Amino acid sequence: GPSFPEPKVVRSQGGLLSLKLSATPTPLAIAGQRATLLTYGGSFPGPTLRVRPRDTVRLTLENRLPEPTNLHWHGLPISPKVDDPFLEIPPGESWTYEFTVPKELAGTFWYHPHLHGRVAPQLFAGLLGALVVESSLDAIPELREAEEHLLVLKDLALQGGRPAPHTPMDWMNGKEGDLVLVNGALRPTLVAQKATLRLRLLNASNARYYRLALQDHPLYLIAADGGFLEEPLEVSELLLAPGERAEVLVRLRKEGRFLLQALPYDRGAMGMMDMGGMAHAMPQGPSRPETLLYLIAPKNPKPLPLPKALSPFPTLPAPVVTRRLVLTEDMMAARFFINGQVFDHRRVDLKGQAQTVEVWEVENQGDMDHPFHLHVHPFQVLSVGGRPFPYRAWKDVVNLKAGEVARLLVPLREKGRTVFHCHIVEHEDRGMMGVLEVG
């Protein structure tokens, strides 16, 4: 096949993407070994769904797992009566998700399980896939002529030909695996045919962070989780926390082989040590560096000029309320809290008004990084750690290091009950989630 493996794409046809996917234990070849994973559509990752604004999506999910499951349409500003985080599809049963893709939308999104208490093992086992919303912006020459690829960043650990089970330490830290894969492949080679690459990036890992850097090259950020920036932003590196997406342009500068690496990053994961009276928690420190893929540039690369503009960011109405949400930890209990409470599906934590704008101040009072995710209502990150964000774009996950406060501008869109939670999914399963009702 193609030197660079990417998930098979399923495209809408005549404005309709109608598809049946099964969630199923699936024997497959992975990183040179045979393993049984849990997959959508018989593959890992699941198929990439490619749609345009105003398309209808009709996705029937058949549950062939021995436990209940559901789907979260991560990042899609649709109704929480469709993207329903409380729905359970029992084993053997099916459910059809039907929605219209919003008109003002573009970027890389994804789908995965969201059944409280069971997300971490289901996602770790291989249940996830991408969804791309194509834009009229993709037709401008500076993007149209680029070579485009999707990179699904997901790690895995295998034991006895199956996903490794969660340990107690895994529930505390979030589980990371030794197999650090791209599109389910181990350090694939991307032999570029064009000098400009457009890469859609997705961190679909449970807990692993990717401090991305391409040898000898900057990256040009053109989209965040939920939409384009207003103009390209040059960066030396790009951190992708669990659940985040980004799109970058790469402008290959000369012939040769360039490594795309996940550089060392300390997210505050913890170990245990005993030093003669100890038996106490100790930092794991930074991750070991990982090579994600080998990028081979073509001969005499002459990259395209960058687009001078992308999409203007909407002018939002003045906000009508300010919220404060404080994240804390009980590491040894592996319990995680928002404003001193654990999730309760029956309890409403915030009540807001549709079509108003709110300011959310999310403060991390723990020692671990926590990537904070809000369903249904994409937000504009104003600042984090007291540093203004260097661009305007829609996001739906924001990483907070220990001590940091993020200030978000949150326009409330669809009415209904939905959730916000840490996207280290073990933390969500262990209580770090709350309920927002919009009316």
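Only the largest set of C-alpha atoms that superpose within 1.5 Å between the two forms is called the rigid core. The first residue of the sequence shown is number 1, and the count goes up from there.
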property: 44-52 against 380-388 - segment lying farther from this form in 8 other deposited structures of this protein (CA RMS, rigid core fit); result: 380-388
property: In 8 other deposited structures of this protein, rigid core aligned: more displaced of 272-280 and 95-103 by C-alpha RMS; result: 272-280
property: Entry-level comparison of average CA B-factors, 226-234 and 342-350, reporting the higher stretch; result: 342-350
property: 139-147 set against 252-260, stretch whose average Cα temperature factor tops the other in the entry; result: 139-147
property: Residue of maximum C-alpha B factor among 329, 358, 176, 104, per deposited coordinates; result: 104
property: 84, 290, 155, 247, ranked by C-alpha B-factor: the highest one; result: 290
property: Record-listed C-alpha B factor of residue 418: chain third; result: lowest
property: Residue 391 - Cα temperature factor, lowest/middle/highest third of chain; result: middle
property: Relative C-alpha B-factor of residue 38, binned into the chain's lowest, middle or highest third; result: middle
property: Chain-wide C-alpha B factor ranking for residue 162, given as lowest, middle or highest third; result: highest
property: CA B-factor placement of residue 377, once the chain's modelled residues are sorted into thirds; result: lowest
